[PDB]
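**Q**
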Ligand SMILES: [Zn+2]
Ligand SMILES: [Zn+2]
């Protein structure tokens, strides 16, 4: 009956379903773990979202997302930090296993990528006490390098782990195959993450050939070229046995299909291709 | 009169100009270094291209390109290796400072990215004796990670340098800001390249915000977010003082403008923004 070890990031059916319907279809397929987004939670209301979570015994593999730290001035940086505190409060209410952090790109006008990265480290450090007090692990999600300028300037698992080592307890990593599959040093950095006890989440999807859009053409698992099986074996060998979270952005395919069929296909591909 | 230290990769005006006209406009602006592509050379003829090169005293900062090593079988891999030998012969005829190598993506159907990378190393090793005998340095060009699956599975300068160390003399790197600007370890790897005496080329352009296409929306220098000045200072500190090669693929902007204006703008932006 239950599909053990599978979570659905609700972006996967974001065009078709708001929060309650997404949960309903996931439960209809034996799925008891989700990762909602803050806008989806806000649209239903945080209190109702947590009631649904607690009533159905749902695990949250993550809440998406905090981050977005760099800004051209102190006021803007603190506005971002303070938003992350709200995100932590939301995650805590929902019992999320972590708050996913998407670092933010360059401050407007700036070319100073190293400074942007320092603002990320400082921003995480500013949020950490709030997160630790709330019992909410912070998961730095290294993002594909194509996102460096304008979405997230933490772009390798090695770099993410360097930040985890600098900041100390309460911060780990979310390993999303879309963002990291290409990294020539991926095997060593997964092993490193495991030694650090830093792995908080594992997101799955695929890299299509060709990829037709930089943001909204993620593949269903098995439709692309990622060695999903190999990555998962390495993550398990590193000591992480949590659910695999399906996170697909697909403007011209999966978002245009009935949510039922999408989730059915996620379960099939999870069984066969992961 | 002369614009010292500037080269134009002829992709920059590829829609507007074949080889002879491209050279003419570059010389009209005081530019005496180019990097043509093999298709452009073939369209005019290798003999005529070399005559033009020798008559005008042109430097070639590169010939684009060899590579494309991985294939599902030995016959296909050897076909690729043998093409690279032809590319070396072309580079030698034109007096090119290097042959740029774009590694190739995964063999069709395969998910085995590590094996693809082994085929790259083996392929370069197979070509090297031909290149060394011809006097043609091979320049491994790490490519942006977004190209990993289907164009080039050498995706970081560190990885490129690892291959250079494995293979030994006659192989170095082409450092293209588009492909490497995001790398969190870029400063250390540029310094490393310099210690290895491995830097063979420096390609310039910019990363736009937003980037509107994965292949054909490179920016004119200064229109994007790359710290061009900083990268160049590090390349010079590492011991490379060769020309900066402008390589812009811009389907909706620079390729639609008069070649004259494009090259004029390259010289202005080279002066101000590099
Ligand atoms: Zn993710
Ligand atoms: Zn290049």
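Protein chains in written order, with my numbering: chain H, 49 to 322; chain Y, 49 to 322.
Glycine is no exception: its CB is placed at the ideal position from the N, C-alpha and C atoms.
#1: Closest to residue 200 of chain H by C-alpha separation, out of H/98, H/240, H/263, would be which residue?
#2: Please report whether the beta-carbon of residue 161 of chain H lies at a distance below 9 Å from any beta-carbon of chain Y.
#3: Measuring only from the beta carbon, is residue 195 of chain Y closer than 8 Å to any heavy atom that is part of ligand 2?
#4: Report yes if the C-beta distance between residue 248 of chain Y and residue 220 of chain Y is below 9 Å; otherwise report no.
#5: To be precise: take each residue of the segment 288-300 of chain H, compare its Cβ to all Cβ atoms of chain Y, and keep it if any distance is under 9 Å. Which residues remain?
#6: So, is the C-beta of residue 197 of chain Y closer than 9 Å to a C-beta in chain H?
#7: Listing by chain order, which chain H residues have their CB less than 8 Å from the CB of residue 275 of chain Y?
#8: Using the Cα positions of residue 216 of chain H and residue 245 of chain H, report the straight-line distance between them to the nearest angstrom.
#9: Of the residues Y/74, Y/282, Y/68, which one's Cα is nearest the Cα of residue 96 of chain Y?
#10: Please tell me whether residue 281 of chain H has its Cβ less than 9 Å away from any Cβ of chain Y.
#11: Using DSSP's beta-bridge definition, name the partner residues of residue 292 of chain H.
#12: I'd like to know whether the C-beta of residue 201 of chain Y is nearer than 9 Å to at least one C-beta of chain H.
#13: Taking the C-alpha atoms as reference points, what is the distance between residue 259 of chain Y and residue 115 of chain H?
#14: Check this for me: beta carbons of residue 176 of chain Y and residue 142 of chain Y, under 9 Å apart or not?
#15: Identify every residue that forms a DSSP beta bridge with residue 220 of chain H.
#16: Check whether the Cβ of residue 80 of chain H lies closer than 9 Å to any Cβ atom in chain Y.
#17: Below 7 Å between beta carbons is the criterion; list the residues of the segment 201-218 of chain Y that meet it against any residue of chain H, in chain order.
#18: Assuming residue 128 of chain H contacts residue 119 of chain H (C-beta within less than 8 Å), just tell me the rounded distance between them.
#19: Start and end of the alpha helix (DSSP H) containing residue 311 of chain H?
#20: Thinking residue 222 of chain Y and residue 148 of chain Y are a contact (beta carbons under 8 Å), I'd like their distance in whole angstroms, please.
#21: Which chain H residues are close to residue 193 of chain Y, counting only those with a beta carbon under 8 Å from its beta carbon?
#22: What did DSSP end up calling residue 112 of chain H once you bin it into helix, strand or coil?
#23: Would you check whether ligand 2 has a heavy atom nearer than 8 Å to the C-beta of residue 324 of chain Y?
#24: By the 10 Å Cβ neighbour count, where 16 or more other Cβ atoms means buried, how is residue 162 of chain H classified, buried or exposed?
#25: Can you tell which of Y/57, Y/86, Y/272 has the C-alpha that lies nearest to the C-alpha of residue 73 of chain Y?
#26: Any beta-carbon of chain Y closer than 9 Å to the one on residue 171 of chain H?
#27: Looking at residue 268 of chain Y and residue 301 of chain Y, is the spacing between their C-beta atoms short of 9 Å?
#28: Quick one: is residue 93 of chain H buried, meaning 16 or more other Cβ sit within 10 Å of its Cβ, or exposed?
#29: Assuming contact is defined by CB atoms lying nearer than 9 Å, are residue 146 of chain Y and residue 186 of chain Y in contact in what I supplied?
#30: Can the beta-carbon of residue 113 of chain H be found closer than 9 Å to that of residue 88 of chain H?
#31: Would residue 144 of chain Y and residue 111 of chain Y be called neighbours here (beta carbons separated by less than 9 Å)?
#32: Could you name each continuous alpha helix (DSSP H) segment of 4 residues or more that falls completely within the segment 71-97 of chain H, going from the start of the chain to the end?
#33: Report buried or exposed for residue 243 of chain H, applying the criterion of at least 16 other Cβ atoms within 10 angstroms of its Cβ.
#34: Any idea which residues DSSP pairs residue 228 of chain Y with across the strands?
#35: Which same chain residues end up closer than 8 Å to residue 209 of chain Y when comparing Cβ atoms and leaving out the 5 residues on each side of it in sequence?
#36: Indicate whether at least one CB of chain H lies closer than 9 Å to the CB of residue 257 of chain Y.
**A** Considering the structure as presented:
#1: Taking the first chain and counting its residues from 1, one reaches residue 200 of chain H at position 152. Of the listed residues, the one whose Cα sits closest to residue 200 of chain H is H/263.
#2: The count along the first chain starts at 1 and reaches residue 161 of chain H at position 113. Taking Cβ atoms only, chain Y reaches closer than 9 Å to residue 161 of chain H, which makes this a yes.
#3: In the second chain, counting from the first residue as 1, residue 195 of chain Y sits at position 147. No; taking the cut-off as 8 Å, the Cβ of residue 195 of chain Y has no heavy atom of ligand 2 nearer than that.
#4: Residue mapping note: residue 248 of chain Y aligns to position 200 of the second chain, counting from 1. Residue mapping note: residue 220 of chain Y aligns to position 172 of the second chain, counting from 1. In this structure, residue 220 of chain Y lies closer than 9 Å to residue 248 of chain Y by Cβ.
#5: For the segment 288-300 of chain H, which is checked against every Cβ of chain Y, not one residue is closer than 9 Å.
#6: Looking up residue 197 of chain Y in the second chain gives position 149. Answer yes: the Cβ-Cβ gap between residue 197 of chain Y and chain H drops below 9 Å somewhere.
#7: Sequence index remark: in the second chain, residue 275 of chain Y carries index 227 (1-based). Result: 159, 160, 161.
#8: For this step, residue 216 of chain H is matched to residue 168 along the first chain. For this step, residue 245 of chain H is matched to residue 197 along the first chain. C-alpha separation (whole angstroms): 11 Å.
#9: What you label residue 96 of chain Y is simply residue 48 of the second chain in a count that begins at 1. Ranking the options by Cα distance to residue 96 of chain Y, first place goes to Y/68.
#10: Looking up residue 281 of chain H in the first chain gives position 233. Residue 281 of chain H does not count as touching chain Y.
#11: Residue mapping note: residue 292 of chain H aligns to position 244 of the first chain, counting from 1. DSSP output for residue 292 of chain H lists H/54, H/250 as bridge partner(s).
#12: Translated into positions along the second chain, residue 201 of chain Y becomes position 153. Yes - at least one Cβ of chain H is within 9 Å of the one on residue 201 of chain Y.
#13: For the purposes of this step, residue 259 of chain Y is identified with residue 211 of the second chain, where counting begins at 1. For the purposes of this step, residue 115 of chain H is identified with residue 67 of the first chain, where counting begins at 1. Distance between the alpha carbons of residue 259 of chain Y and residue 115 of chain H is about 21 Å.
#14: For this step, residue 176 of chain Y is matched to residue 128 along the second chain. For this step, residue 142 of chain Y is matched to residue 94 along the second chain. Result no, Cβ atoms of residue 176 of chain Y and residue 142 of chain Y do not sit closer than 9 Å.
#15: If you number the first chain from 1, residue 220 of chain H lands on position 172. Answer by DSSP bridge pairing, in chain order: H/187.
#16: Sequence index remark: in the first chain, residue 80 of chain H carries index 32 (1-based). Against chain Y, the CB of residue 80 of chain H has no partner CB under 9 Å away; the residue lies outside that interface.
#17: 203, 204, 207
#18: As a first step, residue 128 of chain H is located in the first chain; it is residue number 80 there, counting from the start. As a first step, residue 119 of chain H is located in the first chain; it is residue number 71 there, counting from the start. The pair is a contact, with the Cβ atoms about 6 Å apart (cut-off 8 Å).
#19: Taking the first chain and counting its residues from 1, the one referred to as residue 311 of chain H is at position 263. From DSSP, the alpha helix (DSSP H) with residue 311 of chain H extends over 307-321.
#20: Within the second chain, numbered from 1, the residue matching residue 222 of chain Y stands at position 174. Within the second chain, numbered from 1, the residue matching residue 148 of chain Y stands at position 100. Distance from residue 222 of chain Y to residue 148 of chain Y at the Cβ level is roughly 5 Å; contact confirmed, criterion being Cβ atoms closer than 8 Å.
#21: Position 145 of the second chain, counted from the start, is the residue given in the question as residue 193 of chain Y. Per Cβ cutoff of 8 Å: 192, 193, 194, 230, 231.
#22: Start at 1 with the first residue of the first chain, and residue 112 of chain H comes out as number 64. In this structure, residue 112 of chain H counts as strand in the three-state DSSP scheme.
#23: A question about residue 324 of chain Y goes unanswered here, because the residues of chain Y that appear run from 49 up to 322.
#24: In the first chain, counting from the first residue as 1, residue 162 of chain H sits at position 114. The residue in question, residue 162 of chain H, is exposed, as its Cβ has fewer than 16 Cβ neighbours within 10 Å.
#25: Within the second chain, the letter at position 25 stands for residue 73 of chain Y. Measuring from the Cα of residue 73 of chain Y, the nearest candidate turns out to be Y/57.
#26: For this step, residue 171 of chain H is matched to residue 123 along the first chain. It does not; no Cβ of chain Y falls within 9 Å.
#27: Numbered from 1 along the second chain, position 253 holds the residue referred to as residue 301 of chain Y. Numbered from 1 along the second chain, position 220 holds the residue referred to as residue 268 of chain Y. Yes. Within cutoff.
#28: Reading the first chain from its first residue, position 45 is the one you call residue 93 of chain H. Residue 93 of chain H comes out exposed.
#29: Here residue 146 of chain Y refers to the residue found at position 98 of the second chain. Here residue 186 of chain Y refers to the residue found at position 138 of the second chain. A contact, by the Cβ cut-off of 9 Å.
#30: Stepping through the first chain from its first residue, residue 113 of chain H is reached at position 65. Stepping through the first chain from its first residue, residue 88 of chain H is reached at position 40. Contact flag unset, no.
#31: Along the second chain, one-based indexing puts residue 144 of chain Y at 96. Along the second chain, one-based indexing puts residue 111 of chain Y at 63. Yes, the Cβ-Cβ distance between residue 144 of chain Y and residue 111 of chain Y is below 9 Å.
#32: Scanning the segment 71-97 of chain H from its first residue to its last, the whole alpha helix (DSSP H) runs of 4-plus residues come out as 86-92.
#33: Reading the first chain from its first residue, position 195 is the one you call residue 243 of chain H. Per the 10 Å Cβ criterion, exposed.
#34: Within the second chain, residue 228 of chain Y is the residue found at index 180, counting from 1. Answer by DSSP bridge pairing: none, since residue 228 of chain Y is not bridged.
#35: On the second chain, residue 209 of chain Y is found 161 positions in, with the first residue counted as 1. Once the five neighbours on either side are set aside, the close Cβ partners of residue 209 of chain Y are 221, 237, 240, 241, 244, 246.
#36: Walking along the second chain from the start, residue 257 of chain Y turns up at place 209. The Cβ of residue 257 of chain Y sits closer than 9 Å to at least one Cβ of chain H.
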